[PDB]
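Structure first, then comments.
There are 2 protein chains.
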Amino acid sequence: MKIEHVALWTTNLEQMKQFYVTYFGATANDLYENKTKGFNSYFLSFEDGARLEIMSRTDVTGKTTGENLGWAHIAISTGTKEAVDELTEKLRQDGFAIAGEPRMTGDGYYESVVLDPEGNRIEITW
Amino acid sequence: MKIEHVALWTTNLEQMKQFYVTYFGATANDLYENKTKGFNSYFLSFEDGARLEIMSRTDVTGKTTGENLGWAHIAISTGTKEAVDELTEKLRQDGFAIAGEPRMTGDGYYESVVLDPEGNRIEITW
Numbered sequence: 001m002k003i004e005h006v007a008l009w010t011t012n013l014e015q016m017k018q019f020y021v022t023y024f025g026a027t028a029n030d031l032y033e034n035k036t037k038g039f040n041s042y043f044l045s046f047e048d049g050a051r052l053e054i055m056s057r058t059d060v061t062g063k064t065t066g067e068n069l070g071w072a073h074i075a076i077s078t079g080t081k082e083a084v085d086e087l088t089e090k091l092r093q094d095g096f097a098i099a100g101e102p103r104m105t106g107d108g109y110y111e112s113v114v115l116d117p118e119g120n121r122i123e124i125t126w
Numbered sequence: 001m002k003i004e005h006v007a008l009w010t011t012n013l014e015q016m017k018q019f020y021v022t023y024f025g026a027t028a029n030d031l032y033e034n035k036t037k038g039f040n041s042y043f044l045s046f047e048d049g050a051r052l053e054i055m056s057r058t059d060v061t062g063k064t065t066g067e068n069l070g071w072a073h074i075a076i077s078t079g080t081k082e083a084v085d086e087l088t089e090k091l092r093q094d095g096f097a098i099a100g101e102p103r104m105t106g107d108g109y110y111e112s113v114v115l116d117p118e119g120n121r122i123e124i125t126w
């Protein structure tokens, strides 16, 4: 038993795909489509481990206000401290929101926290 | 680069820990605590791959109404079709909500969908 994937409801599917592909080295599979339900999805694969399922459908439309009970974030590890700093700066210069500057957290992670094109939290870990 | 963990805001931390430990074979680490911010957390490890970070803090209190933009669910694989059926039934008999009966989905997964003690979606995959 293990986590096969984590899924994300998205409003602009292609914009999101090319974000994770550009910045986190993800590989996309073929677009899946269910015209009847207005549903579209991609599975993004990383080096190994869990995949990210990005999906959208015409009825999934509501935005959540702040920090609430439920799924909180995902953490992508980069392997080193230097890697977190380098990626956080590439994202900054490309205009993304840096919610958390790189640092050692009290629970022992060297990470930064950035927001994807639709505001979702991602911890960029070593 | 890869997904190190997926995090979940929780209202009853211990209840949630023993759920994932009981049903999905997860192993918990030591409770982390930041008394100043009212924060508590556990990291649950599976066979390998991404971990599940279950956390709570006195200010994270709001519930989200339906299916919205943002993190959608996580999928735990069990390895076989038979395993999905067996686990979905154990969960049913123990009173958990079966949102989706086991079946082959159009995107090629044999899975069921159950709700954890706090209503979060989990796809139980083969």
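Protein chains in written order, with the deposited numbering: chain A, 1 to 126; chain A', 1 to 126. A prime marks a further copy of an entry chain.
Just so it is clear, CB atoms sit at the ideal spot from N, CA and C, and this is done for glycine as well.
Annotation: the continuous alpha helix (DSSP H) that includes residue 88 of chain A extends over 81-93. Taken through DSSP and simplified to helix, strand or coil, residue 47 of chain A' comes out as coil. The beta carbon of residue 10 of chain A' sits closer than 8 Å to those of 16, 54, 55, 56, 118, all from its chain and outside the five residues before and after it, given in chain order. Each of A:22, A:43, A:63 was checked against the Cα of residue 109 of chain A', and the nearest Cα belongs to A:43. For the 7 Å CB-CB criterion, residue 2 of chain A and residue 46 of chain A' form a contact. Taking a contact as a CB-CB distance under 8 Å, the pair residue 115 of chain A and residue 96 of chain A counts as one, their CB atoms being some 7 Å apart. Take the alpha-carbon of residue 111 of chain A' and the one of residue 89 of chain A': they are about 13 Å apart. Under the DSSP assignment, residue 20 of chain A' falls in the alpha helix (DSSP H) whose first and last residues are 13-24. Cβ-Cβ separation between residue 38 of chain A and residue 50 of chain A': approximately 29 Å, too far for a contact (criterion under 8 Å).
At a cut-off of 7 Å, the C-beta of residue 32 of chain A' has a neighbouring C-beta in chain A. When secondary structure is reduced to three states using DSSP, residue 63 of chain A' falls in the coil class, being assigned neither helix nor strand. The C-beta distance from residue 76 of chain A' to residue 4 of chain A rounds to 7 Å, short enough to meet the 8 Å contact threshold.
Here DSSP, grouped into helix, strand and coil, assigns residue 78 of chain A' to coil. Around the C-beta of residue 125 of chain A, 16 or more other C-beta atoms lie within 10 Å, and the residue is accordingly described as buried.
Contacts between residue 63 of chain A and chain A', judged by CB atoms closer than 9 Å, involve 68, 69, 70 in chain order. When rounded, the separation of the alpha-carbon atoms in residue 100 of chain A and residue 113 of chain A is 4 Å. Residue 83 of chain A' sits away from residue 72 of chain A, with the two beta carbons spaced by 7 Å or more.
Looking at the backbone, the Cα of residue 66 of chain A and that of residue 32 of chain A are separated by about 31 Å.
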